[PDB]
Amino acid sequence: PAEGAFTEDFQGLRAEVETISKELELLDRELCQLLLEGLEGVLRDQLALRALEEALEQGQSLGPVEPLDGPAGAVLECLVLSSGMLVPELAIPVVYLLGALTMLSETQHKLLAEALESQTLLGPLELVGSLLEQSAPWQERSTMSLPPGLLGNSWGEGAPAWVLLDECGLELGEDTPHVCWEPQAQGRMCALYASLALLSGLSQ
């Protein structure tokens, strides 16, 4: 009593993400930098993530936004006209990002703020995307040969890439197999991939 499968594959997930991440509005470098500084500060504060998500109202807000304190306000200033009205084409990709971030832990939000601050989004994006592509089918537990250290990522217990993946429910090792795919990790790994792709897209 439905069409297609319950679950997409990596190609389908990447296509879904790219309908947003590859169709973003163009931002001038100064506006782009202010937006990224704002998002970095929002990722470091659980209340700022909530306040920003509430202000955007999934793109349904009518009327000028209420001014917010701190980083959530700094992001809102990059998405509104001088009147305080939200621009849907600027706000809707941020709504998708906030939606994906709801699946991630506070530890992962702080690591994404560090990745943003250090302009290191592509490394983690490639690692997560490669693990999602190579772990087909996601319903089955499997050991993988991909060694994250050989892709230029720091790898070992407590390294940023290690914590980011461990927080998804993957089983990690310092020796091969470095990563074991667990079906329980599907949602968090997909959300992490979408969040890194959107942050990379927003960074232009």
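Each residue number is its position in the shown sequence, starting from 1.
Trainee: Can you tell me which stretch has the higher mean Cα B-factor, 182 to 190 or 18 to 26?
Mentor: Taking the mean B-factor of the alpha carbons in each, 18 to 26 is higher.
Trainee: Mean Cα B factor from the PDB record: higher for 67 to 75, or higher for 125 to 133?
Mentor: Going by the record's values, the stretch with the higher mean is 67 to 75.
Trainee: Rank-wise, by C-alpha B-factor, drop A197 into the lowest, middle or highest third of its chain.
Mentor: Lowest third of the chain for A197's C-alpha B-factor.
Trainee: Check where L47 lands among this chain's C-alpha B-factors and tell me if it's the lowest, middle or highest third.
Mentor: Answer is highest: the recorded C-alpha B-factor places it there.
Trainee: Sorting the chain's modelled residues by C-alpha B-factor, tell me whether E40 ends up in the lowest, middle or highest third.
Mentor: Tercile = middle for this residue's CA B-factor.
Trainee: Which third of the chain holds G84 when residues are ordered by C-alpha B factor: lowest, middle or highest?
Mentor: Middle third of the chain for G84's C-alpha B-factor.
Trainee: With respect to C-alpha B-factor, does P147 fall in the lowest, middle or highest third of the chain as deposited?
Mentor: Its C-alpha B-factor, which the entry lists for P147, ranks in the middle third among residues of this chain.
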